[PDB]
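> One structure follows; several queries about it will come next.
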Amino acid sequence: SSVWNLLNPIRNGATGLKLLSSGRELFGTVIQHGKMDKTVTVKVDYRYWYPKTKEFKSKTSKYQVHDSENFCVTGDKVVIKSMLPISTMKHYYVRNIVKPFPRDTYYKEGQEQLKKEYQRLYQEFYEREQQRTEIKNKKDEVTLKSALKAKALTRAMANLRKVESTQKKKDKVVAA
Amino acid sequence: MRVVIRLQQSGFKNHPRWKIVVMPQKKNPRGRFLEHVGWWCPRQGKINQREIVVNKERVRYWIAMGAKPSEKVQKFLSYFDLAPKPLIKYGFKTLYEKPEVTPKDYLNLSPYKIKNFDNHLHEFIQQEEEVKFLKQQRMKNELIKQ
Amino acid sequence: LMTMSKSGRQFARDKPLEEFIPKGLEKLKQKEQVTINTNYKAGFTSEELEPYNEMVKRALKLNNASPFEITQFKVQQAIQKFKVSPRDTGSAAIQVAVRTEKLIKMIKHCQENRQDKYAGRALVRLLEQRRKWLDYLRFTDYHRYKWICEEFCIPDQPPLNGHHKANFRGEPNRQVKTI
Amino acid sequence: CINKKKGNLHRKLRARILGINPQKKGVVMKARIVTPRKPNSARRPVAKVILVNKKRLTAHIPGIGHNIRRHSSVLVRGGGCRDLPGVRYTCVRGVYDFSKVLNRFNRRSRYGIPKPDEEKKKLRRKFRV
RNA sequence: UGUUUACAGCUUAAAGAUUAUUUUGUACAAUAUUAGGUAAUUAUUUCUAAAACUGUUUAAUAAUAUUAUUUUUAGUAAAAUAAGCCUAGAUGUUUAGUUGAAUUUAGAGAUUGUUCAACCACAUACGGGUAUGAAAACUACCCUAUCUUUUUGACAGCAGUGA
RNA sequence: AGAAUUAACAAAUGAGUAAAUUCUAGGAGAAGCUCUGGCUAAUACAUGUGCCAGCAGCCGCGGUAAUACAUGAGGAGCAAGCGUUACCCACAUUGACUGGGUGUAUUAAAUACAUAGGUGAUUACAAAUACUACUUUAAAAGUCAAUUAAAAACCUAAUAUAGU
RNA sequence: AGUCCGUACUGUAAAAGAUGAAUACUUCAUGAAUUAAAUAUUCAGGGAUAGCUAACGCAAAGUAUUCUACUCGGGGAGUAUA
RNA sequence: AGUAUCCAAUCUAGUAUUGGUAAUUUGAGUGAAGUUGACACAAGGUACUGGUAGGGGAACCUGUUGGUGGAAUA
Ligand SMILES: [Mg+2]
Ligand SMILES: [Mg+2]
Ligand SMILES: [Mg+2]
Ligand SMILES: [Mg+2]
Ligand SMILES: [Mg+2]
Ligand SMILES: [Mg+2]
Ligand SMILES: [Mg+2]
Ligand SMILES: [Mg+2]
Ligand SMILES: [Mg+2]
Ligand SMILES: [Mg+2]
Ligand SMILES: [Mg+2]
Ligand SMILES: [Mg+2]
Ligand SMILES: [Mg+2]
Ligand SMILES: [Mg+2]
Ligand SMILES: [Mg+2]
Ligand SMILES: [Mg+2]
Ligand SMILES: [Mg+2]
Ligand SMILES: [Mg+2]
Ligand SMILES: [Mg+2]
Ligand SMILES: [Mg+2]
Ligand SMILES: [Mg+2]
Ligand SMILES: [Mg+2]
Ligand SMILES: [Mg+2]
Ligand SMILES: [Mg+2]
Ligand SMILES: [Mg+2]
Ligand SMILES: [Mg+2]
Ligand SMILES: [Mg+2]
Ligand SMILES: [Mg+2]
Ligand SMILES: [Mg+2]
Ligand SMILES: [Mg+2]
Ligand SMILES: [Mg+2]
Ligand SMILES: [Mg+2]
Ligand SMILES: [Mg+2]
Ligand SMILES: [Mg+2]
């Protein structure tokens, strides 16, 4: 064994770090990363007193945290601390990783004419939709587009598949 | 708001018992305060007595930090060498002389006095103060021994 | 069993998780036929058999074997790859591989014999038990988790709990009750 | 429980129509007689009531003789008579339209009898002790 | 163009006390004879608007040639991208002012939340809105609406009257 | 019961009032209410009534022999209250942390896998915590075992939280 | 008719051991079974008892620990209504 | 000043949901010395009963599976 680990929170347990009370600072675990920009979901456990049963209780809770470098992943165990809300549902940020979790970088490194198809299909529906149904609801503004493009692209791919057909039917008729 | 020192009541009907509090001027005088400082109990009992209590260590905070008493408290704090006395209505340097002060009521204090032997009480006091002198003159012969 | 359910509760509309990547089953089935056509039984090698005659080889050949024997080769074929120490048999990397070879059989057994209700309950256990060792192995040797899921055509979906309760859960924070 | 909306809801109340209140006033529609159960045998008087809350009701008449008729204002006690069914309430005497029981000089508090002028010998100290 | 260390009163700036507003965590009733709810919704970036402007040097930042960069609030009556957020009793319905604490009790607890006190709310109406001020609507003021007597008024201010 | 005087809340000004003092008369000059079968302390007394009239908090009385009704006497208890009703708490382990039960006493739902959550093996080591003593915060009022055997009062403990 | 088979619904009962799931330890007799010089124990109710229990009764319904659920008298009533 | 936008009360209609009231109808408990018959507790005179299906002056009868909260047969 060694001697210099004796304050590392891993060998030490989580006891060594001294956290402020009242939800100022906390200990927890990340659940999501990369699904949104500069945000990570986190889980924490509480322990308070309940006198009628004369035993502590527990409570899980979820928070959303501000990560500036998009640096953390799920298993990374991390301290978080209170900040004023820069946005809704974000009043916490990260202070420090206590225990890391390995990354997926070594595996990530290994991992055009349609742009004239795409830009038409957009302009198709904005001319139709705006006349038929106005802005009224954002749900309609989004549920259409995401559901209309696949209806459009398999029709716009079909517009370009004709190009391979027309050019060759000339050469077949011009050659022979 | 500004900070004020003034009274506040806790005593009941026909039995006043005031307090001293550091509170601002805008809140309910019967409400909250920032620091209980002192008392003002005028009545007597076998246990409680007629008092003016204060905590100098905190009156010297708020006055040093921004505060101002009322008229009564300015009087009560005069005797603690923190403030001056408030001025009389018509004014000092004009008071006329009055007859001498006399005690009306002895307040119902019962120090050690013997009952049903009123005639001979003067004898009791000689015998008690003679013994003062004896132990004095007789405590000397120990001090030589030590 | 485990479903996409970000809250504490588990609904009806929530969908089960994905066992395989798209077209994961068929790729594995193709690998077997390649083995079945060119391999012998588990214990035996081609080098040991070259003096002996063909009639001895065709018997030992794995075409003629039973599916209970077809796995035994595939298992030991995996153990030589995904072991930690020699004569390893029970470590997590192998235990997941065993269930993947069973799922190939249970589905074939259940697609065909649909009324074997006892089997329909047995899938739900294999998946769940696979879903545990598949998680416990992420946590310990993450760079072996990925070297498995590629071979067996498995998706890389982390757990929604975030490995919270097994790893380094401690000192759970203080609050107070009132009223 | 639904009529009860305080305290232990699990407790079945001891006077449901009368409810949380200690007493309640009403008006008679009609008087009646009801027999007791089989072990006993008698004709115990009964007095219907409509309450101010518009609720039908039955009630007991403890006194021997009674002034009761139709259109009589009455006040309920809530206690009841035991042998009778549906008579778990009881009226109060010495009030709006009852009468003190008569030729009676014992238990003068239940029945509303004031104190006679013979037994009392001295006045209250607020006037001429 | 008397004196602002003669007294009172007023203006302006700074330092500090206190106060008002803004922020979070946990606690906080029953019910599934209510389970999907949210749609500028969830996150980032951008744009616009207000915050005194310009330069010099230094620091620091990413590349590194040394140039460029450095902040906060609000708005979807600003837009784009990606698709998420709550559901670990969201939402919805019902009931109810919360608390210190009062009654009881050996103690834990149970039931209630009257007097006084703190905070929040209302002031004929679950109503709409403004001026002043460090802070407001409570006997402020304007409008609508209900009821009532004088074009006022709404006693949940004290006393008092009716029901 | 009656009459009188004073202190103090203003050593200029009191609306109103001493749980203070003295004096005279005279010598308790303030009593009711419930109950009388058992639970429940108190009568096998008297009369009439006869499953009628009526009592009744619960059990239950009354059918000619009524300590249970009504009359009368005697007697018991509480006491400026006594008694009745309505709601709440305790007594109750009658809602179970302290502190129950679940084979037969109208209580384990038909059953298993399983999520959230709860829970949990050995040694060695660190770290922190509990326990002890001290200390921080938790408005006053109210409660609280205030102490030198003391009323008109100002227990500093408990519990919870941070910390040595 | 149905009773039987196939496809699918229906989803209740005295659904029973009327006894929630798991672990450790625990009596005497009678008896069932491996078969052991690789490896030593498992099981039963048709008996009784310690101990527990209101009693009848149970080798767990016993001693000890961990989690979940139900239970606030009876009738109305496993019914009305939605 | 004023045009144009945003917005409240009141009013209209239907829809959704929850309550109040009613011709008429129906159920339950309770009381009493009633009539008809004899289902049930004993093997209740044909062992009772659960789930279900059909039948039916009433209490009830029969099939099909289960249980003992039934006796009896050596
Ligand atoms: Mg207590
Ligand atoms: Mg209140
Ligand atoms: Mg009041
Ligand atoms: Mg008041
Ligand atoms: Mg009014
Ligand atoms: Mg005000
Ligand atoms: Mg008034
Ligand atoms: Mg004076
Ligand atoms: Mg005298
Ligand atoms: Mg006796
Ligand atoms: Mg007689
Ligand atoms: Mg209790
Ligand atoms: Mg069971
Ligand atoms: Mg179960
Ligand atoms: Mg788990
Ligand atoms: Mg306090
Ligand atoms: Mg059985
Ligand atoms: Mg069975
Ligand atoms: Mg059962
Ligand atoms: Mg026991
Ligand atoms: Mg038992
Ligand atoms: Mg036995
Ligand atoms: Mg056994
Ligand atoms: Mg048991
Ligand atoms: Mg019931
Ligand atoms: Mg029943
Ligand atoms: Mg049924
Ligand atoms: Mg039903
Ligand atoms: Mg209906
Ligand atoms: Mg009708
Ligand atoms: Mg019969
Ligand atoms: Mg029969
Ligand atoms: Mg019949
Ligand atoms: Mg029988």
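To be explicit about the labels: the chains of the structure tokens are called A, B, and onward in the order shown, and within each one the residues are counted from 1, while ligands get numbers from 1 in the order they are shown.
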Could you please extract the residues within 12 Å of ligand 16, counting only C-alpha atoms (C1' of nucleotides) and all ligand atoms, and hand them back as a ChimeraX atom specification?

/E:100-101,117 /F:138-144,156

> Restricted to C-alpha atoms (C1' of nucleotides), what would the selected residues look like written as a PDB file, in the first residue's frame?


```pdb
ATOM      1  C1'   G E 100     -44.915  30.034  16.690  1.00  0.00           C
ATOM      2  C1'   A E 101     -48.352  27.171  19.141  1.00  0.00           C
ATOM      3  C1'   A E 117     -47.627  37.930  17.822  1.00  0.00           C
TER       4        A E 117
ATOM      5  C1'   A F 138     -33.875  28.219  15.813  1.00  0.00           C
ATOM      6  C1'   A F 139     -38.253  36.382  17.289  1.00  0.00           C
ATOM      7  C1'   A F 140     -40.717  37.522  21.774  1.00  0.00           C
ATOM      8  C1'   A F 141     -45.314  35.979  24.140  1.00  0.00           C
ATOM      9  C1'   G F 142     -46.505  30.841  25.980  1.00  0.00           C
ATOM     10  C1'   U F 143     -44.730  26.237  28.012  1.00  0.00           C
ATOM     11  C1'   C F 144     -40.502  24.570  30.971  1.00  0.00           C
ATOM     12  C1'   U F 156     -31.167  27.254  28.699  1.00  0.00           C
TER      13        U F 156
END
```

> Could you build a table of the residues in chain H lying no more than 10 Å from chain D, giving for each the nearest pair of atoms and their separation in Å rounded to one decimal place, using only C-alpha atoms (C1' of nucleotides), ordered by chain and ascending residue number, as CSV?


```
residue,atom,partner,partner_atom,distance
H:30,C1',D:85,CA,7.8
H:31,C1',D:37,CA,7.5
H:32,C1',D:38,CA,8.5
H:33,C1',D:38,CA,9.9
```

> Select residues of chain C: the criterion is any atom within 8 Å of an atom of chain E, counting only C-alpha atoms (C1' of nucleotides); output as an MDAnalysis selection string.

chainID C and resid 7:9 175:179

> Using only C-alpha atoms (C1' of nucleotides) and all ligand atoms, which residues of the polymer chains come no farther than 7 Å from ligand 7? I'd like the answer as number ranges by chain.

E: 155, 158-159

> Please save C-alpha atoms (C1' of nucleotides) of the selected residues as a PDB file, in the first residue's frame.


```
ATOM      1  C1'   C E 155     -68.568  49.619   9.165  1.00  0.00           C
ATOM      2  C1'   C E 158     -64.401  51.230  17.715  1.00  0.00           C
ATOM      3  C1'   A E 159     -69.177  51.477  19.824  1.00  0.00           C
TER       4        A E 159
END
```

> Find the residues near ligand 11. Use a cut-off of 8 Å, count only C-alpha atoms (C1' of nucleotides) and all ligand atoms, and write them as a PyMOL selection string.

chain F and resi 47-48+65-66

> For ligand 14, return the neighbouring residues as a PDB file with N, CA, C and O atoms (P, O5', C5', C4', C3', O3' and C1' of nucleotides), in the first residue's frame (distance at most 10 Å; only C-alpha atoms (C1' of nucleotides) and all ligand atoms).


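Result saved to result.pdb:
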```pdb
ATOM      1  P     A F 108     -57.346 -11.059   3.599  1.00  0.00           P
ATOM      2  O5'   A F 108     -55.916 -11.754   3.706  1.00  0.00           O
ATOM      3  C5'   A F 108     -54.737 -10.975   3.885  1.00  0.00           C
ATOM      4  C4'   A F 108     -53.686 -11.263   2.838  1.00  0.00           C
ATOM      5  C3'   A F 108     -53.402 -12.742   2.561  1.00  0.00           C
ATOM      6  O3'   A F 108     -53.122 -12.948   1.174  1.00  0.00           O
ATOM      7  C1'   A F 108     -51.419 -11.671   3.264  1.00  0.00           C
ATOM      8  P     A F 109     -53.958 -14.008   0.291  1.00  0.00           P
ATOM      9  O5'   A F 109     -55.117 -13.149  -0.386  1.00  0.00           O
ATOM     10  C5'   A F 109     -55.156 -11.738  -0.219  1.00  0.00           C
ATOM     11  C4'   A F 109     -55.948 -11.007  -1.272  1.00  0.00           C
ATOM     12  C3'   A F 109     -55.873 -11.567  -2.687  1.00  0.00           C
ATOM     13  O3'   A F 109     -57.113 -11.361  -3.365  1.00  0.00           O
ATOM     14  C1'   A F 109     -54.912  -9.392  -2.625  1.00  0.00           C
ATOM     15  P     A F 110     -57.717 -12.428  -4.415  1.00  0.00           P
ATOM     16  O5'   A F 110     -56.732 -13.681  -4.402  1.00  0.00           O
ATOM     17  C5'   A F 110     -55.524 -13.665  -5.149  1.00  0.00           C
ATOM     18  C4'   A F 110     -54.931 -15.037  -5.306  1.00  0.00           C
ATOM     19  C3'   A F 110     -53.423 -15.066  -5.521  1.00  0.00           C
ATOM     20  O3'   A F 110     -52.698 -15.140  -4.309  1.00  0.00           O
ATOM     21  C1'   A F 110     -54.468 -16.195  -7.289  1.00  0.00           C
ATOM     22  P     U F 111     -51.319 -14.339  -4.146  1.00  0.00           P
ATOM     23  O5'   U F 111     -50.360 -15.017  -5.215  1.00  0.00           O
ATOM     24  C5'   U F 111     -50.044 -16.392  -5.104  1.00  0.00           C
ATOM     25  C4'   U F 111     -49.231 -16.889  -6.270  1.00  0.00           C
ATOM     26  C3'   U F 111     -47.935 -16.149  -6.533  1.00  0.00           C
ATOM     27  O3'   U F 111     -46.877 -16.559  -5.690  1.00  0.00           O
ATOM     28  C1'   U F 111     -49.100 -16.459  -8.564  1.00  0.00           C
ATOM     29  P     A F 112     -45.664 -15.552  -5.384  1.00  0.00           P
ATOM     30  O5'   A F 112     -44.813 -15.549  -6.724  1.00  0.00           O
ATOM     31  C5'   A F 112     -43.676 -16.384  -6.856  1.00  0.00           C
ATOM     32  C4'   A F 112     -43.088 -16.303  -8.240  1.00  0.00           C
ATOM     33  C3'   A F 112     -42.169 -15.122  -8.504  1.00  0.00           C
ATOM     34  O3'   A F 112     -40.843 -15.330  -8.054  1.00  0.00           O
ATOM     35  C1'   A F 112     -43.746 -15.282 -10.241  1.00  0.00           C
TER      36        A F 112
ATOM     37  P     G G  20     -49.096 -15.531   5.646  1.00  0.00           P
ATOM     38  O5'   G G  20     -48.956 -15.500   4.064  1.00  0.00           O
ATOM     39  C5'   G G  20     -47.796 -16.020   3.444  1.00  0.00           C
ATOM     40  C4'   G G  20     -47.302 -15.137   2.328  1.00  0.00           C
ATOM     41  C3'   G G  20     -45.843 -15.324   1.951  1.00  0.00           C
ATOM     42  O3'   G G  20     -45.643 -16.416   1.075  1.00  0.00           O
ATOM     43  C1'   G G  20     -46.273 -13.033   2.252  1.00  0.00           C
ATOM     44  P     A G  21     -44.394 -17.400   1.291  1.00  0.00           P
ATOM     45  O5'   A G  21     -43.128 -16.534   0.875  1.00  0.00           O
ATOM     46  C5'   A G  21     -42.993 -16.089  -0.462  1.00  0.00           C
ATOM     47  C4'   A G  21     -41.671 -15.411  -0.718  1.00  0.00           C
ATOM     48  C3'   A G  21     -40.450 -16.033  -0.066  1.00  0.00           C
ATOM     49  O3'   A G  21     -39.955 -17.172  -0.738  1.00  0.00           O
ATOM     50  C1'   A G  21     -40.406 -13.717   0.278  1.00  0.00           C
ATOM     51  P     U G  68     -40.280  -1.284   3.985  1.00  0.00           P
ATOM     52  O5'   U G  68     -41.325  -2.149   3.158  1.00  0.00           O
ATOM     53  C5'   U G  68     -41.327  -2.050   1.749  1.00  0.00           C
ATOM     54  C4'   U G  68     -42.396  -2.887   1.094  1.00  0.00           C
ATOM     55  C3'   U G  68     -43.813  -2.701   1.589  1.00  0.00           C
ATOM     56  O3'   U G  68     -44.413  -1.500   1.137  1.00  0.00           O
ATOM     57  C1'   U G  68     -43.380  -4.994   1.237  1.00  0.00           C
ATOM     58  P     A G  69     -45.516  -0.773   2.050  1.00  0.00           P
ATOM     59  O5'   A G  69     -46.747  -1.771   1.990  1.00  0.00           O
ATOM     60  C5'   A G  69     -47.336  -2.057   0.738  1.00  0.00           C
ATOM     61  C4'   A G  69     -48.354  -3.165   0.819  1.00  0.00           C
ATOM     62  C3'   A G  69     -49.533  -2.954   1.749  1.00  0.00           C
ATOM     63  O3'   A G  69     -50.519  -2.089   1.220  1.00  0.00           O
ATOM     64  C1'   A G  69     -48.696  -5.133   2.027  1.00  0.00           C
TER      65        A G  69
END
```

> Could you please select, counting only C-alpha atoms (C1' of nucleotides), the residues of chain E within 12 Å of chain D and state them as a ChimeraX atom specification?

/E:95-96,110-112

> Skip residue 43 in chain B itself and residues of its chain fewer than 5 positions away, then list as a VMD selection string all residues within 12 Å of it, counting only C-alpha atoms (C1' of nucleotides).

(chain B and resid 11 14 to 18 48 to 52 107 to 108) or (chain F and resid 7 to 9 18 152 to 153)

> Dump the neighbourhood of ligand 19 as a VMD selection string: all residues within 12 Å, distances computed on only C-alpha atoms (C1' of nucleotides) and all ligand atoms.

(chain F and resid 102 to 103 107 to 110) or (chain G and resid 13 to 20 70)

> Between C1' of residue 136 in chain E and CA of residue 31 in chain B, what is the distance in Å, rounded to a tenth?

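Going from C1' of residue 136 in chain E over to CA of residue 31 in chain B, I get 20.9 Å.
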
> Please provide as a list in words all residues within 12 Å of residue 30 in chain G, with the sequence filter that same-chain residues fewer than 3 positions apart are discarded (counting only C-alpha atoms (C1' of nucleotides)).

residues 44, 45, 46, 47 and 48 of chain G

> Show me which residues sit within 12 Å of ligand 3 when counting only C-alpha atoms (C1' of nucleotides) and all ligand atoms, and put them as a PDB file with C-alpha atoms (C1' of nucleotides), in the first residue's frame.


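Result file is pocket25.pdb:
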```
ATOM      1  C1'   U E 114     -59.823  30.957  18.325  1.00  0.00           C
ATOM      2  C1'   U E 115     -57.474  35.087  21.736  1.00  0.00           C
ATOM      3  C1'   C E 116     -51.957  37.824  21.214  1.00  0.00           C
ATOM      4  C1'   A E 156     -64.234  42.240   7.535  1.00  0.00           C
TER       5        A E 156
END
```

> Find the residues near ligand 34. Use a cut-off of 8 Å, count only C-alpha atoms (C1' of nucleotides) and all ligand atoms, and write them as a PyMOL selection string.

chain H and resi 41+48+69-70

> Okay, now the selection with N, CA, C and O atoms (P, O5', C5', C4', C3', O3' and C1' of nucleotides), as a PDB file, in the first residue's frame?


```pdb
ATOM      1  P     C H  41     -77.940 -28.246   6.470  1.00  0.00           P
ATOM      2  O5'   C H  41     -77.464 -27.856   7.929  1.00  0.00           O
ATOM      3  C5'   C H  41     -76.393 -26.949   8.103  1.00  0.00           C
ATOM      4  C4'   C H  41     -76.182 -26.623   9.555  1.00  0.00           C
ATOM      5  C3'   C H  41     -76.176 -27.804  10.511  1.00  0.00           C
ATOM      6  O3'   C H  41     -74.899 -28.410  10.602  1.00  0.00           O
ATOM      7  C1'   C H  41     -77.562 -26.067  11.354  1.00  0.00           C
ATOM      8  P     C H  48     -77.534 -31.266   0.778  1.00  0.00           P
ATOM      9  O5'   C H  48     -76.601 -30.018   1.080  1.00  0.00           O
ATOM     10  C5'   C H  48     -77.029 -29.050   2.015  1.00  0.00           C
ATOM     11  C4'   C H  48     -75.883 -28.298   2.637  1.00  0.00           C
ATOM     12  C3'   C H  48     -75.378 -27.083   1.883  1.00  0.00           C
ATOM     13  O3'   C H  48     -76.208 -25.948   2.039  1.00  0.00           O
ATOM     14  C1'   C H  48     -73.549 -28.353   2.640  1.00  0.00           C
ATOM     15  P     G H  69     -62.630 -27.099   7.562  1.00  0.00           P
ATOM     16  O5'   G H  69     -63.700 -26.035   8.069  1.00  0.00           O
ATOM     17  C5'   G H  69     -64.543 -26.332   9.170  1.00  0.00           C
ATOM     18  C4'   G H  69     -65.988 -26.000   8.890  1.00  0.00           C
ATOM     19  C3'   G H  69     -66.709 -26.943   7.929  1.00  0.00           C
ATOM     20  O3'   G H  69     -68.070 -27.103   8.322  1.00  0.00           O
ATOM     21  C1'   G H  69     -66.836 -24.750   7.109  1.00  0.00           C
ATOM     22  P     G H  70     -68.625 -28.543   8.759  1.00  0.00           P
ATOM     23  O5'   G H  70     -68.267 -29.472   7.517  1.00  0.00           O
ATOM     24  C5'   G H  70     -67.682 -30.750   7.705  1.00  0.00           C
ATOM     25  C4'   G H  70     -68.730 -31.786   8.006  1.00  0.00           C
ATOM     26  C3'   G H  70     -68.246 -33.220   8.120  1.00  0.00           C
ATOM     27  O3'   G H  70     -67.641 -33.531   9.360  1.00  0.00           O
ATOM     28  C1'   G H  70     -70.108 -33.166   6.707  1.00  0.00           C
TER      29        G H  70
END
```

> Compute the set of chain B residues within 10 Å of chain E, using only C-alpha atoms (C1' of nucleotides), and express it as an MDAnalysis selection string.

chainID B and resid 1:3 23:26 30:32 62 64:67

> Write a file of the selected residues as a short mmCIF file (atom, residue, chain, number, x, y, z; two decimals), in the first residue's frame, keeping N, CA and C atoms.


```
data_model
loop_
_atom_site.label_atom_id
_atom_site.label_comp_id
_atom_site.auth_asym_id
_atom_site.auth_seq_id
_atom_site.Cartn_x
_atom_site.Cartn_y
_atom_site.Cartn_z
N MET B 1 -35.18 51.99 6.26
CA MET B 1 -35.53 52.74 7.49
C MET B 1 -34.34 53.04 8.40
N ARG B 2 -34.61 53.87 9.39
CA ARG B 2 -33.67 54.18 10.45
C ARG B 2 -33.95 53.30 11.65
N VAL B 3 -32.94 53.17 12.49
CA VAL B 3 -33.02 52.33 13.67
C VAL B 3 -33.41 53.19 14.85
N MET B 23 -35.27 48.31 17.32
CA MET B 23 -36.08 48.04 16.15
C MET B 23 -36.18 49.30 15.30
N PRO B 24 -36.42 49.16 14.01
CA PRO B 24 -36.65 50.34 13.18
C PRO B 24 -37.98 50.98 13.51
N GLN B 25 -38.30 52.09 12.85
CA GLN B 25 -39.44 52.90 13.24
C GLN B 25 -40.71 52.50 12.52
N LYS B 26 -40.60 51.74 11.44
CA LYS B 26 -41.72 51.46 10.55
C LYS B 26 -42.51 50.22 10.95
N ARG B 30 -45.21 46.50 18.91
CA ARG B 30 -45.50 45.26 19.61
C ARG B 30 -45.05 44.03 18.83
N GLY B 31 -44.28 44.23 17.76
CA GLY B 31 -43.88 43.15 16.88
C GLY B 31 -42.50 42.62 17.15
N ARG B 32 -41.65 42.60 16.14
CA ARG B 32 -40.32 42.04 16.24
C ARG B 32 -39.28 43.11 16.52
N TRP B 62 -25.11 49.87 18.20
CA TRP B 62 -26.05 50.57 17.33
C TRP B 62 -25.81 52.07 17.35
N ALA B 64 -22.91 53.37 17.81
CA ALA B 64 -21.71 53.48 17.00
C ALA B 64 -21.96 53.16 15.54
N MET B 65 -23.12 52.58 15.22
CA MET B 65 -23.42 52.10 13.88
C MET B 65 -24.61 52.83 13.28
N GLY B 66 -25.27 53.72 14.03
CA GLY B 66 -26.41 54.47 13.55
C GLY B 66 -27.67 54.12 14.30
N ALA B 67 -28.07 54.98 15.23
CA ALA B 67 -29.24 54.75 16.07
C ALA B 67 -29.50 56.01 16.87
#
```
